[PDB]
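Structure file data-v3.cif; described as mmCIF, C-alpha atoms and all ligand atoms.
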data_entry
loop_
_atom_site.group_PDB
_atom_site.id
_atom_site.type_symbol
_atom_site.label_atom_id
_atom_site.label_comp_id
_atom_site.auth_asym_id
_atom_site.auth_seq_id
_atom_site.Cartn_x
_atom_site.Cartn_y
_atom_site.Cartn_z
ATOM 1 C CA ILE A 1 5.417 -8.176 -9.911
ATOM 2 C CA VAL A 2 6.367 -10.627 -12.675
ATOM 3 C CA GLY A 3 6.039 -9.502 -16.274
ATOM 4 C CA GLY A 4 5.142 -5.941 -15.380
ATOM 5 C CA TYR A 5 6.572 -2.535 -16.212
ATOM 6 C CA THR A 6 8.283 0.231 -14.245
ATOM 7 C CA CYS A 7 5.442 2.492 -13.056
ATOM 8 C CA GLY A 8 7.403 5.713 -12.921
ATOM 9 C CA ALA A 9 8.091 7.738 -9.806
ATOM 10 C CA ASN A 10 4.999 8.681 -7.797
ATOM 11 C CA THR A 11 2.579 7.629 -10.531
ATOM 12 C CA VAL A 12 0.791 5.354 -8.025
ATOM 13 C CA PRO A 13 0.412 7.912 -5.241
ATOM 14 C CA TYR A 14 -1.630 5.741 -2.855
ATOM 15 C CA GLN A 15 0.962 2.930 -2.777
ATOM 16 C CA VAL A 16 2.700 2.479 0.567
ATOM 17 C CA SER A 17 5.631 0.359 1.670
ATOM 18 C CA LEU A 18 5.447 -1.253 5.098
ATOM 19 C CA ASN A 19 8.897 -1.250 6.673
ATOM 20 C CA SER A 20 10.216 -3.088 9.721
ATOM 21 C CA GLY A 21 13.876 -2.360 8.973
ATOM 22 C CA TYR A 22 13.260 -3.458 5.386
ATOM 23 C CA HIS A 23 10.317 -3.505 2.997
ATOM 24 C CA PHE A 24 8.081 -6.497 3.709
ATOM 25 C CA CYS A 25 4.595 -5.727 2.326
ATOM 26 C CA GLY A 26 2.601 -3.162 0.414
ATOM 27 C CA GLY A 27 -0.521 -1.268 1.382
ATOM 28 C CA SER A 28 -2.852 1.463 0.232
ATOM 29 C CA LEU A 29 -3.511 4.889 1.714
ATOM 30 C CA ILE A 30 -7.283 5.317 2.073
ATOM 31 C CA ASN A 31 -7.271 8.637 3.938
ATOM 32 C CA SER A 32 -4.745 10.901 5.608
ATOM 33 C CA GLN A 33 -4.342 8.648 8.667
ATOM 34 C CA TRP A 34 -5.282 5.082 7.613
ATOM 35 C CA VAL A 35 -3.687 2.387 5.467
ATOM 36 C CA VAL A 36 -5.219 -0.898 4.364
ATOM 37 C CA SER A 37 -3.086 -3.989 3.798
ATOM 38 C CA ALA A 38 -3.298 -7.762 4.136
ATOM 39 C CA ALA A 39 -3.740 -9.370 7.537
ATOM 40 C CA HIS A 40 -0.987 -11.843 6.671
ATOM 41 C CA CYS A 41 1.347 -8.829 6.662
ATOM 42 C CA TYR A 42 0.691 -8.206 10.362
ATOM 43 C CA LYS A 43 3.645 -7.573 12.629
ATOM 44 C CA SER A 44 4.614 -5.249 15.455
ATOM 45 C CA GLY A 45 6.736 -2.167 14.899
ATOM 46 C CA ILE A 46 5.591 -1.064 11.438
ATOM 47 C CA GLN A 47 6.777 2.139 9.810
ATOM 48 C CA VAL A 48 4.640 3.248 6.882
ATOM 49 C CA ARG A 49 6.579 4.771 3.987
ATOM 50 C CA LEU A 50 4.628 7.024 1.632
ATOM 51 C CA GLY A 51 5.780 8.751 -1.517
ATOM 52 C CA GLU A 52 8.331 6.059 -2.378
ATOM 53 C CA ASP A 53 9.698 5.024 -5.702
ATOM 54 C CA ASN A 54 13.210 3.694 -5.044
ATOM 55 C CA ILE A 55 12.887 2.148 -1.573
ATOM 56 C CA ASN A 56 16.672 2.230 -1.085
ATOM 57 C CA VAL A 57 17.339 5.875 -2.001
ATOM 58 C CA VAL A 58 15.930 9.006 -0.401
ATOM 59 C CA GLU A 59 14.614 10.882 -3.433
ATOM 60 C CA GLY A 60 12.751 13.706 -1.690
ATOM 61 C CA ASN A 61 8.999 12.928 -1.744
ATOM 62 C CA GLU A 62 8.934 10.373 1.080
ATOM 63 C CA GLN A 63 6.970 10.591 4.298
ATOM 64 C CA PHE A 64 7.914 8.097 7.006
ATOM 65 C CA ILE A 65 5.241 7.662 9.685
ATOM 66 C CA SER A 66 5.046 5.040 12.414
ATOM 67 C CA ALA A 67 1.880 3.064 12.978
ATOM 68 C CA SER A 68 -0.013 3.724 16.187
ATOM 69 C CA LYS A 69 -2.470 0.823 15.983
ATOM 70 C CA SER A 70 -3.101 -2.154 13.739
ATOM 71 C CA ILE A 71 -6.441 -3.932 13.432
ATOM 72 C CA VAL A 72 -6.612 -7.369 11.814
ATOM 73 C CA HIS A 73 -10.056 -8.321 10.562
ATOM 74 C CA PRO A 74 -11.999 -10.113 13.339
ATOM 75 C CA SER A 75 -12.520 -13.243 11.198
ATOM 76 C CA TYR A 76 -9.100 -13.515 9.552
ATOM 77 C CA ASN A 77 -8.122 -17.170 9.148
ATOM 78 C CA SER A 78 -4.384 -17.603 8.567
ATOM 79 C CA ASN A 79 -4.790 -21.184 7.300
ATOM 80 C CA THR A 80 -7.229 -20.407 4.461
ATOM 81 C CA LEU A 81 -6.425 -16.675 4.131
ATOM 82 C CA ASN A 82 -10.115 -15.865 4.312
ATOM 83 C CA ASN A 83 -10.672 -12.231 5.336
ATOM 84 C CA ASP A 84 -7.058 -11.291 4.542
ATOM 85 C CA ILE A 85 -7.359 -7.592 5.364
ATOM 86 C CA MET A 86 -6.072 -5.289 8.092
ATOM 87 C CA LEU A 87 -6.155 -1.583 8.876
ATOM 88 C CA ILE A 88 -3.233 0.455 10.133
ATOM 89 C CA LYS A 89 -3.596 3.836 11.791
ATOM 90 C CA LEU A 90 -0.765 6.318 11.386
ATOM 91 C CA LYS A 91 0.565 8.169 14.431
ATOM 92 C CA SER A 92 0.133 11.459 12.549
ATOM 93 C CA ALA A 93 -1.753 12.509 9.451
ATOM 94 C CA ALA A 94 0.091 12.348 6.149
ATOM 95 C CA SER A 95 0.413 15.455 3.978
ATOM 96 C CA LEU A 96 -1.612 14.823 0.822
ATOM 97 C CA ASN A 97 -0.698 16.239 -2.623
ATOM 98 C CA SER A 98 -0.378 14.933 -6.215
ATOM 99 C CA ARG A 99 2.443 12.505 -5.380
ATOM 100 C CA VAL A 100 0.893 11.233 -2.112
ATOM 101 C CA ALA A 101 -2.832 10.716 -2.285
ATOM 102 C CA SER A 102 -5.556 8.456 -0.985
ATOM 103 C CA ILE A 103 -7.450 5.937 -3.065
ATOM 104 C CA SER A 104 -11.245 5.826 -2.904
ATOM 105 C CA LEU A 105 -13.071 2.828 -1.529
ATOM 106 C CA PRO A 106 -15.582 1.127 -3.839
ATOM 107 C CA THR A 107 -19.325 1.548 -3.628
ATOM 108 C CA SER A 108 -19.882 -1.461 -5.892
ATOM 109 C CA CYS A 109 -17.989 -4.654 -6.551
ATOM 110 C CA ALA A 110 -16.119 -4.929 -9.833
ATOM 111 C CA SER A 111 -17.171 -7.498 -12.408
ATOM 112 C CA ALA A 112 -15.079 -10.060 -14.236
ATOM 113 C CA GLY A 113 -13.398 -8.558 -17.277
ATOM 114 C CA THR A 114 -12.646 -5.205 -15.657
ATOM 115 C CA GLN A 115 -9.038 -4.120 -16.136
ATOM 116 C CA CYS A 116 -7.087 -3.216 -13.000
ATOM 117 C CA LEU A 117 -3.654 -1.938 -11.972
ATOM 118 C CA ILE A 118 -1.564 -3.969 -9.523
ATOM 119 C CA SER A 119 1.667 -2.553 -8.127
ATOM 120 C CA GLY A 120 4.467 -3.432 -5.736
ATOM 121 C CA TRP A 121 8.121 -4.018 -4.965
ATOM 122 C CA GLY A 122 7.855 -7.794 -4.924
ATOM 123 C CA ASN A 123 9.891 -10.418 -6.742
ATOM 124 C CA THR A 124 10.046 -10.045 -10.532
ATOM 125 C CA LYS A 125 10.994 -13.649 -11.383
ATOM 126 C CA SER A 126 8.789 -16.748 -11.460
ATOM 127 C CA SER A 127 11.832 -18.993 -10.964
ATOM 128 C CA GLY A 128 14.518 -17.579 -8.716
ATOM 129 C CA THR A 129 14.657 -14.236 -6.962
ATOM 130 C CA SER A 130 15.249 -10.656 -8.083
ATOM 131 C CA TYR A 131 13.784 -7.834 -6.082
ATOM 132 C CA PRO A 132 13.444 -4.433 -7.709
ATOM 133 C CA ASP A 133 14.143 -1.215 -5.903
ATOM 134 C CA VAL A 134 11.591 0.834 -7.910
ATOM 135 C CA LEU A 135 7.857 0.280 -8.065
ATOM 136 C CA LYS A 136 6.557 -2.112 -10.708
ATOM 137 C CA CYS A 137 3.104 -2.126 -12.260
ATOM 138 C CA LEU A 138 0.882 -4.658 -13.986
ATOM 139 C CA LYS A 139 -2.408 -4.281 -15.805
ATOM 140 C CA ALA A 140 -4.569 -7.359 -15.441
ATOM 141 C CA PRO A 141 -8.248 -8.302 -15.660
ATOM 142 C CA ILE A 142 -10.514 -9.727 -13.010
ATOM 143 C CA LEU A 143 -11.285 -13.317 -13.941
ATOM 144 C CA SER A 144 -14.633 -15.018 -13.685
ATOM 145 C CA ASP A 145 -15.434 -16.746 -10.415
ATOM 146 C CA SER A 146 -15.936 -19.990 -12.350
ATOM 147 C CA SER A 147 -12.394 -19.845 -13.751
ATOM 148 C CA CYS A 148 -10.984 -18.811 -10.376
ATOM 149 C CA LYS A 149 -12.654 -21.725 -8.593
ATOM 150 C CA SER A 150 -11.608 -24.131 -11.361
ATOM 151 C CA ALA A 151 -7.961 -23.082 -10.876
ATOM 152 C CA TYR A 152 -8.133 -23.418 -7.072
ATOM 153 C CA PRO A 153 -10.705 -26.112 -6.222
ATOM 154 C CA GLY A 154 -12.022 -25.838 -2.684
ATOM 155 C CA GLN A 155 -9.976 -22.741 -1.839
ATOM 156 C CA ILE A 156 -11.870 -19.666 -3.108
ATOM 157 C CA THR A 157 -14.349 -17.998 -0.780
ATOM 158 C CA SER A 158 -16.797 -15.188 -1.524
ATOM 159 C CA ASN A 159 -14.172 -12.822 -0.085
ATOM 160 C CA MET A 160 -11.634 -13.541 -2.814
ATOM 161 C CA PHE A 161 -11.265 -13.000 -6.532
ATOM 162 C CA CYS A 162 -8.699 -13.997 -9.126
ATOM 163 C CA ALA A 163 -6.988 -11.569 -11.454
ATOM 164 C CA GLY A 164 -4.333 -12.062 -14.067
ATOM 165 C CA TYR A 165 -3.632 -14.436 -16.912
ATOM 166 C CA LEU A 166 -4.363 -18.150 -17.125
ATOM 167 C CA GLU A 167 -1.507 -18.529 -19.621
ATOM 168 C CA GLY A 168 0.916 -17.384 -16.929
ATOM 169 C CA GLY A 169 3.867 -15.055 -17.218
ATOM 170 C CA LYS A 170 2.327 -12.007 -15.501
ATOM 171 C CA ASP A 171 1.347 -11.941 -11.836
ATOM 172 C CA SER A 172 1.953 -10.478 -8.417
ATOM 173 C CA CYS A 173 4.502 -12.249 -6.262
ATOM 174 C CA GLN A 174 6.214 -12.374 -2.886
ATOM 175 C CA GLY A 175 6.736 -8.915 -1.479
ATOM 176 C CA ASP A 176 3.700 -7.494 -3.298
ATOM 177 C CA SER A 177 1.396 -8.814 -0.580
ATOM 178 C CA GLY A 178 -0.870 -6.236 0.966
ATOM 179 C CA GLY A 179 -0.687 -3.920 -2.017
ATOM 180 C CA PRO A 180 -3.437 -2.448 -4.152
ATOM 181 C CA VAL A 181 -5.540 -3.697 -7.009
ATOM 182 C CA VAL A 182 -7.179 -0.544 -8.412
ATOM 183 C CA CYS A 183 -9.928 -0.657 -11.038
ATOM 184 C CA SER A 184 -11.627 2.413 -12.509
ATOM 185 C CA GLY A 185 -10.115 4.592 -9.794
ATOM 186 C CA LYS A 186 -11.278 2.472 -6.860
ATOM 187 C CA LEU A 187 -9.519 0.036 -4.553
ATOM 188 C CA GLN A 188 -11.067 -3.328 -5.396
ATOM 189 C CA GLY A 189 -8.426 -5.784 -4.215
ATOM 190 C CA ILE A 190 -5.525 -6.497 -1.894
ATOM 191 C CA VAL A 191 -2.662 -8.737 -2.996
ATOM 192 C CA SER A 192 -3.234 -11.888 -0.933
ATOM 193 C CA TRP A 193 -1.949 -15.246 -2.226
ATOM 194 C CA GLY A 194 -1.376 -17.664 -5.076
ATOM 195 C CA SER A 195 0.346 -20.919 -5.943
ATOM 196 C CA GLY A 196 3.761 -19.629 -6.887
ATOM 197 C CA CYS A 197 3.955 -16.623 -9.191
ATOM 198 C CA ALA A 198 3.027 -16.372 -12.857
ATOM 199 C CA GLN A 199 2.406 -20.104 -13.297
ATOM 200 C CA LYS A 200 0.067 -21.472 -15.937
ATOM 201 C CA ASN A 201 -3.507 -21.899 -14.653
ATOM 202 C CA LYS A 202 -2.585 -20.401 -11.245
ATOM 203 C CA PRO A 203 -3.555 -16.722 -11.289
ATOM 204 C CA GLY A 204 -3.140 -14.451 -8.302
ATOM 205 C CA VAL A 205 -5.840 -14.338 -5.632
ATOM 206 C CA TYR A 206 -6.911 -11.049 -4.073
ATOM 207 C CA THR A 207 -9.014 -9.995 -1.119
ATOM 208 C CA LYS A 208 -12.371 -8.623 -2.310
ATOM 209 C CA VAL A 209 -12.424 -5.132 -0.772
ATOM 210 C CA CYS A 210 -16.038 -4.340 -1.688
ATOM 211 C CA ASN A 211 -17.185 -6.873 0.929
ATOM 212 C CA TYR A 212 -15.386 -4.938 3.705
ATOM 213 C CA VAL A 213 -16.386 -1.322 3.106
ATOM 214 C CA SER A 214 -18.813 -1.244 6.041
ATOM 215 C CA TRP A 215 -16.241 -2.723 8.436
ATOM 216 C CA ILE A 216 -13.605 -0.264 7.234
ATOM 217 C CA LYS A 217 -15.858 2.768 7.623
ATOM 218 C CA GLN A 218 -17.133 1.718 11.061
ATOM 219 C CA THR A 219 -13.639 0.919 12.320
ATOM 220 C CA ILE A 220 -12.179 4.247 11.157
ATOM 221 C CA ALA A 221 -15.089 6.179 12.680
ATOM 222 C CA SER A 222 -14.350 4.815 16.173
ATOM 223 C CA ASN A 223 -10.536 4.464 16.326
HETATM 224 CA CA CA A 301 13.001 6.382 -1.546
#
How does this structure look as structure tokens?
Amino acid sequence: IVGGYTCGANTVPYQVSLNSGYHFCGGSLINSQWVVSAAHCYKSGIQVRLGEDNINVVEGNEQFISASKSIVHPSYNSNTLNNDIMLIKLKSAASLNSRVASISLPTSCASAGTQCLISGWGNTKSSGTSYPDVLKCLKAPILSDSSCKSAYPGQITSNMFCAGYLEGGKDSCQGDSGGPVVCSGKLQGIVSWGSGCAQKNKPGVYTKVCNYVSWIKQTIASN
């Protein structure tokens, strides 16, 4: 997250870290045994880390659970990043409380102008590299589809939305991928892609979760 603020320990209780020997992507806990992330975060051998703040220090609220199965969306296209969503089943159910909690799925899509919370352990610099060890947060609005398509001609599908600031300075970045965009207490987006981080006229692009609710619910019900 560039231009964000330190969330505070366990203030974003649905945020997960995906770990393969190191943190490589975020995700969101949507019930006691399932996480949603970005398909471009797919790899074998994932450990899901819940209850994290400092990802390099054991602080006492963590739960470390290996994945038992990963399901990339059937129509994911790695070249365009259309349908950039995947589900991860945990080998065992997590223990839910105030510091580790699921986030509700949306019943309706969010409209442009709605303010959302984006979080992650990604890079904090738009030029260069500095990775934080504690979770960072950013409040940002959903932008109009017209402005999103004008910033990224020919690249925005119906399964994507833009959020952030056209003036730059505040954005999600590398290492935030897969993490949540939460608006009015519902998971509306997944950190997906952008042209650099925090550049003028190049806001972040997010997977539009409301289009996938049926696929999520059907997949969970049978796996
Ligand atoms: Ca920790």
Return as a ChimeraX atom specification every polymer residue, whether protein, DNA or RNA, with at least one atom no more than 7 Å from an atom of ligand CA 301 (chain A); count all atoms listed in the file. /A:52-59,62
Just how far from CA of residue 20 (chain A) is CA of residue 60 (chain A), in Å to one decimal?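 The value is 20.5 Å.
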Using the chain letters and numbers from this file, what does the PyMOL selection byres (((chain A and resi 69) around 10) and not hetatm) select? Give the answer as a ChimeraX atom specification. /A:34,44-46,66-68,70-71,87-91,223
Quick one: which residues end up in the PyMOL selection byres (((chain A and resi 80) around 12) and not hetatm) for this structure, as a ChimeraX atom specification? /A:39-40,75-79,81-84,152,154-157,159-160,192-194,205,207
From the list A:50, A:198, A:142, A:94, which residue is nearest residue 123 (chain A) when using all atoms listed in the file?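 Of A:50, A:198, A:142, A:94, the one nearest residue 123 (chain A), counting all atoms listed in the file, is A:198.
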Carefully work through the PyMOL selection byres (((chain A and resi 95) around 12) and not hetatm) for this structure and note down the residues it includes, as an MDAnalysis selection string. chainID A and resid 13 29 31:33 50:51 61:65 90 92:94 96:102
Just how far from CA of residue 121 (chain A) is CA of residue 196 (chain A), in Å to one decimal? 16.3 Å
For residue 103 (chain A), find every residue with an atom within 10 Å (counting all atoms listed in the file), except residues of its own chain fewer than 6 positions away, and show them as a list in words.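 That gives residues 12, 13, 14, 15, 28, 29, 30, 31, 35, 180, 182, 185, 186 and 187 of chain A.
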Using all atoms listed in the file for the distances, tell me which of A:147, A:6, A:126, A:184 is nearest to residue 109 (chain A).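 Of A:147, A:6, A:126, A:184, the one nearest residue 109 (chain A) is A:184, counting all atoms listed in the file.
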Contacts of residue 162 (chain A) at 6 Å (only C-alpha atoms; same-chain gap of 3+ positions) as an MDAnalysis selection string: chainID A and resid 143 148 204:205
